[PDB]
Every structure is written in structure tokens, then in C-alpha cells.
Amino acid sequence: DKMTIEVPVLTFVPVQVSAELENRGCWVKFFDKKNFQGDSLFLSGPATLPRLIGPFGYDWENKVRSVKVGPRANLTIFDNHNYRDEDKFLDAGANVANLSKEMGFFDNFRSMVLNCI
């Protein structure tokens, strides 16, 4: 669906703030290891990313191995950059311990849209 036009802001925040954001329900957590292990990148929705990059040379393609989607969030991932080609849809509450093509997704999605519901 149509969404606000803006570029998500990469930011470090205290735990109090992320907890607050997490409680709102529109979020996603990307883990670098399967089964939600390892450190994770947290995204508060909505977020439209044609490329998995960020300020200061941040490039996190080929890192995500597992995902958790908030209760009030919808996540759409694409196989190529710029929301191009095949897509996969993860509904609220989704928990994918093994984000791979073999488990029904992609081995390395390259763009995404996080929408709040």
C-alpha cells in the first residue's frame, strides 16, 4: 500500500527508548545468526529500504539469518535492490529462525518495506 515518503534514520538509542518503540508493536529484529542468536539490528516502522545500507559505510547485505516481526508490523522483503523482483511477506508476529530459500524465503534479500498496521 501507499506509505509516507522518507528515508529511515540510522540511530543508536538507549534501551529505554528501544523498549518503548518495541512496545508500540511496529518493529522488526534482524539477527546475524539463526535461531535469533547473535547481535541484532532493530528497525522501528515504517521503513522503506531499497538497499540494506546505512550512514558511515554501513552495508548489511548477506548478514541476516533469522527474523522477528512485531505484533503491529508487516515486513516485505525482496530478492533484489529497489523492491525489484520476487518478494516474500512476513505478517505480524512472524518468527523465522532460518531465513533462507530452503525454508521458504531468500538466502539474501536485498531490499525491504516495513509497514505499521
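Heads up: residue numbers just count along the shown sequence, starting at 1.
Worksheet item: Mean C-alpha B-factor higher for 81-89, or for 38-46?
Response: Averaging CA B-factors over each stretch, the winner is 81-89.
Worksheet item: When the C-alpha temperature factors are averaged for each of 12-20 and 100-108, which stretch ends up with the higher value in the entry?
Response: According to the entry, 100-108 carries the higher average C-alpha B-factor.
Worksheet item: Can you tell me which third, lowest, middle or highest, the CA B-factor of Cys116 falls into for its chain?
Response: Ranked within chain, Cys116 CA B lands in the highest tercile.
Item to complete: Quick one: classify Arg65 as lowest, middle or highest third of the chain based on its Cα B-factor.
Response: According to the entry, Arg65 has a C-alpha B-factor in the chain's middle third.
Practice prompt. Check where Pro71 lands among this chain's C-alpha B-factors and tell me if it's the lowest, middle or highest third.
Written response: Its C-alpha B-factor, which the entry lists for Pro71, ranks in the highest third among residues of this chain.
Discussion item. Lowest, middle or highest third: which one holds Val7 when the chain's residues are ordered by CA B-factor from the entry?
Written reply: Its C-alpha B-factor, which the entry lists for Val7, ranks in the lowest third among residues of this chain.
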